[PDB]
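For reference, the structure discussed in these notes is given below.
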Amino acid sequence: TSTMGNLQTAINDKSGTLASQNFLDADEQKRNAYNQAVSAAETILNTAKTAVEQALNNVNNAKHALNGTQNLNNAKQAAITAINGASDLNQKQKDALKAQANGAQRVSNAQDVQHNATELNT
Amino acid sequence: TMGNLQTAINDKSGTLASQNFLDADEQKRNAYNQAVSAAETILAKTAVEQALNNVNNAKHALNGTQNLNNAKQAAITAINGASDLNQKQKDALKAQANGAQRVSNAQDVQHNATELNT
Ligand SMILES: [Cl-]
Ligand SMILES: [Cl-]
Ligand SMILES: [Cl-]
Ligand SMILES: [Cl-]
Ligand code: NA
Ligand code: NA
Ligand SMILES: [Zn+2]
Ligand SMILES: [Zn+2]
Ligand SMILES: [Zn+2]
Ligand SMILES: [Zn+2]
Ligand SMILES: [Zn+2]
Ligand SMILES: [Zn+2]
Ligand SMILES: [Zn+2]
Ligand SMILES: [Zn+2]
Ligand SMILES: [Zn+2]
Ligand SMILES: [Zn+2]
Ligand SMILES: [Zn+2]
Ligand SMILES: [Zn+2]
Ligand SMILES: [Zn+2]
Ligand SMILES: [Zn+2]
Ligand SMILES: [Zn+2]
Ligand SMILES: [Zn+2]
Ligand SMILES: [Zn+2]
Ligand SMILES: [Zn+2]
C-alpha cells in the first residue's frame, strides 16, 4: 500500500538515524523506544492497514521524541553556568573552558568540560 | 545562545548526507546551505538568535522524505494504470517502488513500468 511505502521510507532511515548525535545522546528510554518501533515495523515489512498505520505512527513518534540535540544544549549550558560560578578561575581560563563547552559535539564532551572546570576551580 | 548556534552548525555534515536533504527541492537545499554559512560567519544576541532560527527553520523545511513518498506514490499510480501489465509484473514493479531509497529510484521504476506497458 501507500501506507507500506511510507513505512518503508521510515525503516530505511534507521541506519542514518542511529548514527546521528540526536539519537546517540537521546535518553536511553527514548533510544529504546525508537529501536523497538523500527524492529516492529521491520517485522511487518516481512498487514491490515491499521497495523501498518500504527507501526508507522510508532516509528514517527519515537523518532520525533529523540532528544540528543536538546540534551547537548542542556549540557553545554550546565557547563557554562559552572564555569561562570567558578570564582577562583581567571578570565583566560573561563574563556578557554567556555570555548570547549560551546564547541562540544557530544553530551560527554560538555560534561567533561564541566568536571574539568570544577576540578581546576578547587 | 552561541552554544546553541554551534550545535546547529556542527550538524551540517550529517544533515548534508541525509536523504531528507539530498532529495529536498533545490531551493530548500540552498536555503539550508545559506543559513549554515551565515551562522558559520557569526561563529549582537538578536543576530545570533536570528541566525539560529534561520538554520532551524531551513532544516525543518527540507523535504526529501516527503519527495520520496510522493515519488513512490506516483510510481504506484502509474503501475496501477498500466493496463497491459499482468499481476506478476505489477507486483514486482510495486515492490521496487515501495523499496526505493532515493527519489531517482522511484522515478526509474515509474519510467520502467510505462516503458514496459507500451
Ligand atoms: Cl543529529
Ligand atoms: Cl533522512
Ligand atoms: Cl530511504
Ligand atoms: Cl518517466
Ligand atoms: Na526530537
Ligand atoms: Na522537513
Ligand atoms: Zn541531526
Ligand atoms: Zn519530527
Ligand atoms: Zn576559593
Ligand atoms: Zn568523559
Ligand atoms: Zn565532576
Ligand atoms: Zn577529576
Ligand atoms: Zn580531585
Ligand atoms: Zn546530525
Ligand atoms: Zn536519513
Ligand atoms: Zn532522515
Ligand atoms: Zn516541491
Ligand atoms: Zn531573542
Ligand atoms: Zn524541526
Ligand atoms: Zn509491499
Ligand atoms: Zn533515472
Ligand atoms: Zn520517463
Ligand atoms: Zn526507456
Ligand atoms: Zn520506448
Side-chain angles (χ1 to χ4, degrees), chain A residues 1-20 22-24 26 30-46 48-66, chain B residues 13-30 32 59-118:
Chain A
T1 54
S2 90
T3 312
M4 288 283 202
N6 278 47
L7 187 55
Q8 288 250 241
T9 297
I11 92 100
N12 282 346
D13 195 38
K14 176 193 163 146
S15 68
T17 301
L18 289 183
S20 75
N22 185 59
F23 174 83
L24 293 168
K30 293 173 167 70
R31 297 191 309 263
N32 294 346
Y34 175 74
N35 288 318
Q36 291 168 204
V38 178
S39 303
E42 285 170 347
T43 288
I44 290 160
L45 301 170
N46 317 142
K49 184 191 169 194
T50 47
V52 182
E53 166 175 301
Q54 269 150 199
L56 175 52
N57 190 47
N58 288 346
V59 179
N60 290 339
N61 287 341
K63 189 184 183 169
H64 189 82
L66 299 173
Chain B
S13 71
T15 299
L16 291 185
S18 71
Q19 183 281 325
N20 186 53
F21 176 82
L22 294 168
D23 283 338
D25 301 339
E26 179 175 17
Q27 57 104 168
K28 294 173 166 71
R29 297 195 310 261
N30 297 343
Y32 178 66
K59 188 182 183 169
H60 187 81
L62 296 173
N63 66 339
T65 300
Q66 260 321 118
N67 282 347
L68 178 55
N69 285 327
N70 293 348
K72 292 183 177 190
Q73 180 56 81
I76 295 296
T77 298
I79 289 155
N80 285 332
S83 60
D84 290 358
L85 304 182
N86 63 40
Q87 181 66 34
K88 203 200 217 210
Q89 296 160 324
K90 288 175 190 266
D91 287 346
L93 285 160
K94 284 187 186 181
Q96 294 176 32
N98 278 340
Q101 307 93 334
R102 294 299 297 278
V103 164
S104 66
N105 306 133
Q107 298 183 327
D108 287 345
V109 173
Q110 182 168 345
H111 173 85
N112 294 342
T114 299
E115 188 77 56
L116 182 61
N117 192 58
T118 60

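Just so we're on the same page: letters track the sequence lines, and every chain starts at 1.
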* Look only at the side chain of B:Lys72 and the backbone of B:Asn98, and say whether a donor-acceptor pair between them is shorter than 3.5 Å. => yes
* Any chance you could lay out the side-chain contact (heavy atoms from CB on, under 4.5 Å) test for B:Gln66 and B:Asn69, step after step, and finish with the verdict? => CA-CA 5 Å; B:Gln66 260 321 118; B:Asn69 285 327; 3.5 Å; yes
* Indicate yes or no for a side-chain donor-acceptor contact from B:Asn63 to the backbone of B:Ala24 under 3.5 Å, with no hydrogens or angles considered. => no
* Look up atom OG in B:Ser104 and atom NE2 in B:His111, then write down how far apart they are to the nearest 0.5 Å. => 13.0 Å
* Asked: Just by distance, do the side chain of B:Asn86 and the backbone of B:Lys88 share a donor-acceptor pair under 3.5 Å?
  -> yes
* Asked: Nearest 0.5 Å, what's the CG-CG distance between B:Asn80 and B:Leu85?
  -> 10.0 Å
* Check whether any side-chain N or O of A:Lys30 sits under 3.5 Å from a backbone N or O of A:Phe23 as a donor-acceptor pair, and report yes or no. => no
* Asked: Does the B:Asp23 side chain pair with the main chain of B:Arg102, one donor and one acceptor, at a distance under 3.5 Å?
  -> no
* To do: Kindly indicate whether the side chain of A:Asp13, heavy atoms from C-beta on, has any atom under 4.5 Å from the side chain of A:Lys63.
  => yes
* **Residue pair B:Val109 / B:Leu93: nearest heavy atoms and the distance that separates them** => CG1-O, 3.4 Å
* Listed by chain and number, what are the side-chain hydrogen bond (donor to acceptor under 3.5 Å, both in side chains) partners of A:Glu42, not counting sequence neighbours? -> A:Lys14
* To do: Kindly give the heavy-atom pair with the smallest separation between B:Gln107 and B:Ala71, and that separation in Å.
  => CG-CB, 4.5 Å
* Quick one: does A:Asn35's side chain have a donor or acceptor within less than 3.5 Å of a partner on A:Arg31's backbone? -> yes
* To do: Determine whether B:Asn105 and B:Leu68 make a side-chain contact, defined as any pair of heavy atoms from C-beta on separated by less than 4.5 Å.
  => no
* Is B:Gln19 reaching over with its side chain to a backbone N or O of B:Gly64, donor-acceptor style, under 3.5 angstrom? -> yes
* Structure fact -> Here the pair of heavy atoms bringing A:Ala37 nearest to A:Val59 is O-CG2, 3.6 Å
* Structure fact -> Correct closest heavy-atom pair for B:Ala113 and B:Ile79 would be CB-CG1, 3.7 Å
* Any side-chain heavy-atom pair of B:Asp84 and B:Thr118 under 4.5 Å -> no
* Considering non-hydrogen atoms only, spot the tightest contact between B:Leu22 and B:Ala17 and give its length. => CD1-O, 3.8 Å
* Do B:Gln87 and B:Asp91 have side-chain atoms, one donor and one acceptor, less than 3.5 Å apart? -> yes
* Sidechain-backbone polar pair: A:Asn57 side chain, A:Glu53 backbone, donor-acceptor under 3.5 Å -> no
* May I ask you to test the A:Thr1-A:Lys49 pair for a side-chain heavy-atom distance under 4.5 Å? => no
* **Check against side-chain contact (heavy atoms from CB on, under 4.5 Å), B:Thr15 and B:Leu62** => CA-CA 10 Å; B:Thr15 299; B:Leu62 296 173; 3.9 Å; yes
* Any side-chain heavy atom of A:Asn60 sitting closer than 4.5 Å to one from A:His64? -> no
* Asked: CD1 of A:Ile44 to CE of A:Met4: how many Å apart, nearest 0.5 Å?
  -> 7.0 Å
* Structure fact -> Taking every heavy atom of B:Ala75 against every heavy atom of B:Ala106, the minimum-distance pair comes out as CB-O, 3.6 Å
* Distance, nearest 0.5 Å, that separates CG of B:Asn112 from CG of B:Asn117 -> 12.5 Å
* To do: Decide whether B:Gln73 and B:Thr77 meet the rule of one side-chain donor and one side-chain acceptor closer than 3.5 Å.
  => yes
* Distance in Å, A:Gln8 CD paired with A:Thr3 OG1, rounded so as to fall on 0.5 Å steps -> 12.0 Å
* Asked: Quick one: CG on A:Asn6 to CG on A:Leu56, what's the gap to the nearest 0.5 Å?
  -> 6.0 Å
